[PDB]
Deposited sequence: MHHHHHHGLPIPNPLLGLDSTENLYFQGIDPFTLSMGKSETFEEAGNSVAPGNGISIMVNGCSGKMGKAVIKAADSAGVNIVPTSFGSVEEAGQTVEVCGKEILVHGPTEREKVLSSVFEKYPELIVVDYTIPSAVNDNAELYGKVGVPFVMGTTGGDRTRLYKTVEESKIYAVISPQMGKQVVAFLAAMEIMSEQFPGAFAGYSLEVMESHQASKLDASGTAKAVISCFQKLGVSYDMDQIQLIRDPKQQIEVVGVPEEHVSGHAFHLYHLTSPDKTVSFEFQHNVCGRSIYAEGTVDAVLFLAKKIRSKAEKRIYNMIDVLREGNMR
């Protein structure tokens, strides 16, 4: 009983969102908004045909789609320069949305959405499991400052990982180690990379989007590793879908809180 509009359906991420939402039984409206260049084009995805509209009378077009689909939630994976415009558009129409798009005037974004009093999930990281790992490290560092005093950190991050703004995420993880007492990045190219585990070489699969955080004790007798590898965009699509389902529950319940993030989603549980 939920329908979504995927703004940015012509991109790799919009496509992945469509697939995931479809697997979860979410209805996909055959309509979208895009740039002037994309206006008029149809997007063939997952058996769906989506008609991309340009900016001519957007507000009115979005409204009519919203009147036909009162259960609508917009998913926004667009471009930095559309973030504020699109949030204002969603605001004027009153339609709830989930925005994974990075960049834009982020302060203006939060201002707009709070002012317009609509329901939204805003999260620059939609890989919910990565967010959960980050939140664990934030909590550990908050509870136990200095627990790793003296340990040395090496951090590795692949090219694909860097680009899909997880340097935001990597930076926040590093802050957690610092607060844990570490004094402290290798951007990596090869599909494998080596570290020293108790004086012994260890080869790590560093293809696709890869992050490795390696801690070593002063006397080199203790090694800790935290690693993740992500291929494609499934994790981000699945988390985006989780945010849609979360936001639908909040709308249905008429919750006082309006603007939400991936921590909020994670606390609700699996849906």
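Enquirer: Quick one: where does the model skip the deposited sequence?
Expert: In sequence order, the gaps with no modelled C-alpha are 1-53, 238-241, 329.
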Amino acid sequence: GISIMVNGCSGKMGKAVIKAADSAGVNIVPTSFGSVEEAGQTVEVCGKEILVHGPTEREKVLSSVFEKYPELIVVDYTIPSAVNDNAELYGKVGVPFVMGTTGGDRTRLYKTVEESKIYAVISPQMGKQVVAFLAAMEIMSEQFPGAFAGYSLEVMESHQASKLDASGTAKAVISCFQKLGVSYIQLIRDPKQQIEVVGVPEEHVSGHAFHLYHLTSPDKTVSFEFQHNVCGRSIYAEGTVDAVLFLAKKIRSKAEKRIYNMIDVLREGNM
From here on, numbers count along this sequence of modelled residues.
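Enquirer: Should the higher mean CA B-factor in the entry be assigned to 199-207 or to 58-66?
Expert: In the deposited entry, the stretch with the higher C-alpha B-factor mean is 199-207.
Enquirer: Look over 39-47 and 237-245 in the entry and identify the one with the greater average Cα temperature factor.
Expert: Stretch with the greater average CA B-factor: 39-47.
Enquirer: Can you tell me which of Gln186, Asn84, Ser123, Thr107 has the highest Cα temperature factor in the record?
Expert: Spelled out: the listed residue with the top C-alpha B-factor is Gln186.
Enquirer: Among the choices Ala135, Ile79, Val182, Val113, identify the one whose CA B-factor in the record is greatest.
Expert: Going by the entry's C-alpha B-factors, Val182 comes out highest.
Enquirer: Relative to the other modelled residues of the same chain, rank the CA B-factor of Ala255 and answer lowest, middle or highest third.
Expert: Highest third - that is where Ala255 ends up once the chain's C-alpha B-factors are sorted.
Enquirer: So where's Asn270 on the chain's Cα temperature factor ranking, which third?
Expert: For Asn270, the deposited C-alpha B-factor lands in the highest third.
Enquirer: Comparing against every modelled residue in the chain, figure out the third that the C-alpha B-factor of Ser23 lands in (lowest, middle or highest).
Expert: For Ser23, whose C-alpha B-factor we compare with every modelled residue in the chain, the answer is the highest third.
Enquirer: Sorting by Cα B-factor within the chain, modelled residues only, which third would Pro191 end up in: lowest, middle or highest?
Expert: Top third by C-alpha B-factor.
Enquirer: Lowest, middle or highest third: which one holds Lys128 when the chain's residues are ordered by CA B-factor from the entry?
Expert: For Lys128, the deposited C-alpha B-factor lands in the lowest third.
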